[PDB]
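Report on one structure; see the data block that follows.
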Protein chains: 2
Amino acid sequence: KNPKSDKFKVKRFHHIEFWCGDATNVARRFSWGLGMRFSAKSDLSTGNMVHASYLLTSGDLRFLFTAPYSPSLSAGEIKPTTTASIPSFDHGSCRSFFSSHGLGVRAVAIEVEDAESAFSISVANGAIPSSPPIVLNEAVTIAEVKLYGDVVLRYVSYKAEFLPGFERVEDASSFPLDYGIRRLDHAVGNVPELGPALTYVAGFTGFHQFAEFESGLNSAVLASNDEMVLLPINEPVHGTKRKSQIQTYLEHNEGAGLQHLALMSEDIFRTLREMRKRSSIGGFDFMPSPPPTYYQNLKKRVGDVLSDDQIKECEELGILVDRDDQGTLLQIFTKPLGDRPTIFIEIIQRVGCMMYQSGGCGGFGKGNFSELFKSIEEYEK
Amino acid sequence: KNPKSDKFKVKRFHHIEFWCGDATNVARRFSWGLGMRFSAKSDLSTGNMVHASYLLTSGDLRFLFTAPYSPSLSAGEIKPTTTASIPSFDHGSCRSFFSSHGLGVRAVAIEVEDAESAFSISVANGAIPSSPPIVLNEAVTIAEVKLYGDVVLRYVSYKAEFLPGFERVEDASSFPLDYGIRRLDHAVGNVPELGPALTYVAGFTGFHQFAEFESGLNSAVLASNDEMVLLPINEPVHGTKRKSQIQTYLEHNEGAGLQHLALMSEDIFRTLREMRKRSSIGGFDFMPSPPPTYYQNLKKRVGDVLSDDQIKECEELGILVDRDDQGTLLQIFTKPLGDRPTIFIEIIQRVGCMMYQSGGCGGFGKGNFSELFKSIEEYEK
Ligand SMILES: Cc1c(C(=O)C2=C(O)CCCC2=O)ccc2c1c(=O)n(CCc1ccccc1)c(=O)n2C
Ligand SMILES: Cc1c(C(=O)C2=C(O)CCCC2=O)ccc2c1c(=O)n(CCc1ccccc1)c(=O)n2C
Ligand SMILES: [Co+2]
Ligand SMILES: [Co+2]
C-alpha cells in the first residue's frame, strides 16, 4: 500500500555530504576506492575562506566532502558577507560534529520543487529546524532540518552547476574514473529507539512506511511518493547472544547517525571486481565472504534469475542475493569507511519491477540474515 | 666544519607521526600515493581504546597515522591503566592540534641510544618538556620535547616490532607497494623567527649548523654528529614583491610547524613516474613543472653528472637539479598534502660524497630559486 502522503513535491536524492577533518584526503581516497570523478570544488582557490568542499560524482551519485579552514581566515566575515559557498556551514558545528562522531555523513540531501516551502511545511509539521532557507545567486534554494542525531535532511531546489560558488574542475585534474556506480539507492540511520524516530520523520515529510517481504535490529523504511527516496532506520535489539551491531554503532558514534549508504550499480559484478582490485591499495575493504554453503544454496532460491555462471561470479565476489515477491536484489557491504566501526557502504543492483524500475525492487536484503546464519552453521558441518 | 657537539648519541630518523581526524583514510591515501606498505597497527582490534594508529613503511621510511577515538571508550582508564600504545597521546591535545593546524606532523622521531638520558640532557639544556620518558614493556623507551609550534622531537631507544602494543599486519591486508622511496632525508620547520628557534634547538641537542653552498625566506640547517639527522628551519622575509610562502604557511597553519618532509629515493625517476601516474587517481599532485628553458640550461650546469637522456627524463618528470661543491641533488615538490597550503613533500636523490654516502650531499636546492627565476623570465622571452 502506497498512500502517497508526501507533504511537498520530493524529486530525488541529490547528494550526500561528509564532514571531514581533511576533505582533500578523504575525497581522494573515496575517488580511487569507488570510481568517482572530481566534478566541482569550493575552496581557497574559488574564494571560499570558510571551508574546503570537493564534489565527487559517478552517474547521478554526488558525494560532497567538506572540512573547515582556520577560523582566523574568515574572522572579519559575518553571515551576510560570508565567502562560504554553503551558508549552513559553521566552524564550531563541524568541529564538534567530527570530534563527537568521527568521519561520517552530515547531510542527506534530496531535491525538491521548492526548498523554502518544503522547509516551512516540514517545521510546521514537527521538524526541528537546522538552517533556514537561503537563496544562492537567485538560482538555488537550500534549507536543512534535523533528521536524526546530528544528521540533517537537506532540501535543495533549482529554478531551472552543483551550487553557486562551486567551480567545475579542470579536465587535467578530473580523471574519468567509473566502476559502474550510478545513483544512491537508500540512506540508513541508526537510532536508539525506532518508534519515536519513525514518528518524527514520517511526521514532517509525509513519507509512508514501505512494506517488508531475530539478530541485531528492528528496522523500518520510510519512502516518498514514487518511492525513489528511501530512508530506512534501525534500532538495536538488546539481550541478543551476539551484541547488536546497532548498539556498537551508537557507542562508537556517540549516538544516532547515518549507518550505511547503498549505492546502485548498473553492473554490480564489474563494480565489485574494480573495488576489490583496489581494496589493498587505497580503496575499500569488504566484509568477509559467506561460506560456499551460502552459494550451494543460491541455485535453489534464485536459480531462475541468474545463470550458473552468474551464480559462481557472485561467489567469486562475495555478493549476497535476496529476493522479494516482485524482484531480486544483489548486495555486498564494505568494512567501515574510516577509523570507527560506524558508517559503511553497500553496493546493490536490482532486477525486476519494470513499468523504468520501481524503487526498492527486491527489498533491502533482510532475509540474508537468516540465509547466512543457516549457511554458517551448515558450513561448520 | 663539523664540531660534533651532539650532547647525546643520536642514531637516525626513526619515524614521522601525523595527527589526523581519521587515520584510516589518510593512511590509505598516503599508501597509494607514495608506495608505502601497511606494516603495523594499534587500534580497537589490538585492544587500544584510546587511538587508532597505522604505520606505513617504505625501506627505512616509517609514516605513522594517528587519530583519537571517542573519549567515552576509555573514560574509566587512567594513565597507569591506559590501553593507548603511545602513552604521550592525549585526546584533547590531538583534537586541539588538528583543529588549530589541520592535517600535519605532530612528532619528528629520531632513534637515540638512551631516550631517558636524551630527555634529561635535553631539558637540562633548555628543552621544554612535552612527555617524560616512559618504558614500554621493558623493551622500548620513548620521550618527547617541544621542537617548534606544536611539533615535538621524539626520542626512541631500544634495548635490543615497531612499538610494544602494535601488531604486524596480515599479509593479505599488506600489499607490497614500493615506488622506490627508502628513507627520510630531512624534515623542515617553518617559524616566524629563525634566530630564537635556531638557538633553542641547537641549544638542547648540540646539533651544529650545516654549511650552505632573495625570494621568500632565510633558512639554516641543524645536523647531528654524522649529519644523518638534518633539521632545516625557515623564516619569512617580509616586504618581498611576491608574498612569502613561509608567511602564507604560518597564517594557514596558525603558527610554526613542519613545512616539508624530504624523502630519499633510490631511483627518483621511477618514484616520480609511479607517483605521477597516480596523481589524479588518489595520489599526490606535483608543483608546476619548470619551463623548458630551465632544462636547456641544465646541460651547462650538470651535463657532467647526467647524460642527455637522463636530462630529458628530468624534463619529462619536472625534476629540479642543483649542485654543491661535493655532490649533485635531484628534487621535486608535491602540492600540499591536505586541504591547507601547509605541509608538502619533497622527493630527492643525491649523487656523490661516497666514503656509504655522507648526508646532505648536494645541499637542499637553494640555488634552484635563482635558476627558476632566471628560467621563468628567459622563457617569457
Ligand atoms: C545493513 C545490512 C542490510 C541493510 O542494508 C539494511 C537495510 O538497508 C534496511 C534495514 C535492515 C538492514 O539491515 C541488509 C543485510 C545485512 C546488513 C548488514 O549489515 N549485515 C552485517 C551484519 C554484521 C554486523 C556486525 C558483525 C557481523 C555481521 C548483514 O549481514 N546483512 C545481511
Ligand atoms: C622547500 C624548497 C626547498 C627546500 O627543500 C628547502 C630546504 O630543504 C632547506 C631550507 C631552504 C629550502 O627552501 C628547496 C627549493 C625550493 C623549495 C620550494 O618550496 N619551492 C617552492 C617555492 C614556491 C612557493 C609558493 C609558490 C610558488 C613557489 C621552490 O621553488 N624551491 C626551489
Ligand atoms: Co541497505
Ligand atoms: Co628540502
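Which fully enclosed strands (runs of 3 or more DSSP E) of the range A:103-206 have 1 or more residues being surrounded by 23 or more Cβ atoms within 10 Å (Cβ to Cβ), away from ligand 1 (no atom under 16 Å from the Cβ) and within 14 Å of chain B (Cβ to nearest Cβ)?
Counting at least 1 such residues, we get A:104-112.
Mind checking which pairs have a first residue in the range B:323-334 that is within 14 Å of chain A (Cβ to nearest Cβ) and a second that is within 14 Å of ligand 2 (Cβ to nearest atom), Cβ under 8 Å, 6 or more apart or different chains?
B:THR334/B:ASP285; B:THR334/B:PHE286; B:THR334/B:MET287; B:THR334/B:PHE344; B:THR334/B:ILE345; B:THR334/B:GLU346; B:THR334/B:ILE347
Look at A:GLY327 and say whether it is in contact with a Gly (Cβ under 9 Å, 6 or more places away or on another chain), more than 16 Å from ligand 4 (Cβ to nearest atom) and at positive phi.
It is false that A:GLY327 is in contact with a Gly (Cβ under 9 Å, 6 or more places away or on another chain), more than 16 Å from ligand 4 (Cβ to nearest atom) and at positive phi.
Is it the case that the range A:76-85 has a residue that's at the interface with another protein chain (Cβ under 10 Å from one of its Cβ atoms), under 25 Å from A:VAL140 (Cβ atoms) and crowded, with 20+ Cβ neighbours inside 10 Å?
The answer is no, given that none of the residues of the range A:76-85 is at the interface with another protein chain (Cβ under 10 Å from one of its Cβ atoms), under 25 Å from A:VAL140 (Cβ atoms) and crowded, with 20+ Cβ neighbours inside 10 Å.
For every residue, the table says whether it meets (1) away from ligand 3 (no atom under 16 Å from the Cβ); (2) among the polar types (S, T, N, Q); (3) within 21 Å of B:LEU222 (Cβ to Cβ).
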{"residue": "B:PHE269", "(1), (2), (3)": "yes, no, no"}
{"residue": "B:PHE286", "(1), (2), (3)": "yes, no, no"}
{"residue": "B:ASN297", "(1), (2), (3)": "yes, yes, no"}
{"residue": "B:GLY318", "(1), (2), (3)": "yes, no, no"}
{"residue": "B:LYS335", "(1), (2), (3)": "yes, no, no"}
{"residue": "B:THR342", "(1), (2), (3)": "yes, yes, no"}
{"residue": "B:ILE348", "(1), (2), (3)": "yes, no, yes"}
{"residue": "B:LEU372", "(1), (2), (3)": "yes, no, no"}
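Test of understanding: among A:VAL50, A:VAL10, A:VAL26, which residue is more than 14 Å from chain B (Cβ to nearest Cβ) and on the phi < 0 side of the Ramachandran plot?
A:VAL10
Which residues, counting only those in the range A:1-20, are within 19 Å of the chain's Cα centre (by Cα) and not β-branched (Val, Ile, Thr)?
If the condition is that a residue be within 19 Å of the chain's Cα centre (by Cα) and not β-branched (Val, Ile, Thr), then A:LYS11, A:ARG12, A:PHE13, A:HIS14, A:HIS15, A:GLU17, A:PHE18, A:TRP19, A:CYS20 are the ones that fit.
So which residues in the range B:219-262 are among the hydroxyl-bearing types (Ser, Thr, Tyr), out of contact with any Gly (no Cβ under 8 Å at 6 or more places or on another chain) and surrounded by fewer than 18 Cβ atoms within 10 Å (Cβ to Cβ), if there are any at all?
Across the range B:219-262, the qualifying residue is only B:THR248.
Please specify each residue of the range B:228-244 satisfying the condition of being among the charged types (D, E, K, R) and in a loop (DSSP other than H, G, I, E, B).
B:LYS241, B:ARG242, B:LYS243 - these are the residues of the range B:228-244 that are among the charged types (D, E, K, R) and in a loop (DSSP other than H, G, I, E, B).
Are any residues in the range A:215-251 of a type outside the set (S, T, N, Q), more than 8 Å from ligand 1 (Cβ to nearest atom) and more than 19 Å from the chain's Cα centre (by Cα), and if so, which ones?
A:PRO236, A:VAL237, A:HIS238, A:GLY239, A:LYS241, A:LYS243, A:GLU251
Would you check which residues across the range B:55-72 are surrounded by fewer than 19 Cβ atoms within 10 Å (Cβ to Cβ) and not polar (S, T, N, Q) and list them?
Of everything in the range B:55-72, those that are surrounded by fewer than 19 Cβ atoms within 10 Å (Cβ to Cβ) and not polar (S, T, N, Q) turn out to be B:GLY59, B:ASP60, B:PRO71.
Can you list the strands (runs of 3 or more DSSP E) lying wholly within the range B:1-87 that have 1 or more residues being among the small types (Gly, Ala, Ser) and in contact with a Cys (Cβ under 8 Å, 6 or more places away or on another chain)?
B:61-68
Collect the residues in the range B:263-317 that are part of a helix (DSSP H, G or I), crowded, with 19+ Cβ neighbours inside 10 Å and within 14 Å of chain A (Cβ to nearest Cβ), keeping them in residue-number order.
Answer for the range B:263-317, where residues must be part of a helix (DSSP H, G or I), crowded, with 19+ Cβ neighbours inside 10 Å and within 14 Å of chain A (Cβ to nearest Cβ): B:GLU274, B:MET275.
So, A:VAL191, is that one closer than 11 Å to A:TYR148 by Cα and among the aliphatic types (A, V, I, L, M) or not?
The answer is yes for A:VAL191.
Taking the stated definitions as given, is A:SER31 within 14 Å of chain B (Cβ to nearest Cβ), among the hydroxyl-bearing types (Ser, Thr, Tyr) and under 23 Å from B:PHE30 (Cβ atoms)?
Taking the combined requirement at face value, the residue satisfies it.
Only the coordinates and a few stated rules stand behind these numbers; no lab work does. Neighbour counts run over all protein chains shown; Cβ positions are idealised from the backbone, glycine included.
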